[PDB]
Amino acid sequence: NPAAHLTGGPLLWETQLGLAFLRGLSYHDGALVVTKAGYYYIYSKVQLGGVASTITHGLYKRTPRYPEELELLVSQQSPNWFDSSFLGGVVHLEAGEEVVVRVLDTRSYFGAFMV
């Protein structure tokens, strides 16, 4: 029932409008913040294009008590020209917990929904 889609340091996103929405989840500084604890399916798609040739696209759990981010779902990819990266998966999130998208070195998005 809680859910969020969000559209194109951690990455940053539009949280309204049109396709962007928050619904039972907060936001601050690129991150989805969880209010109701449970299992969420979290996902992110990132469009890439260019001209280690190796890009990493990840979802990370941040907890304010701790600096260090914990990896959740992570993809590595090498490559006139376009590549798209998608990650999805289910994670147990407690109230408080935040999730961000990072990509190391419009079309893209970031989202979740409780399952």
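Numbering starts at 1 and follows the sequence shown.
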Unmodelled deposited residues flanked by residue 51 on one side and residue 52 on the other: 4 to 9
Given 55 to 63 and 37 to 45, the range whose Cα B-factors average higher in the PDB entry: 55 to 63
Mean C-alpha B-factor comparison - 65 to 73 and 86 to 94, higher one: 65 to 73
Lowest, middle or highest third - CA B-factor, residue 99: lowest
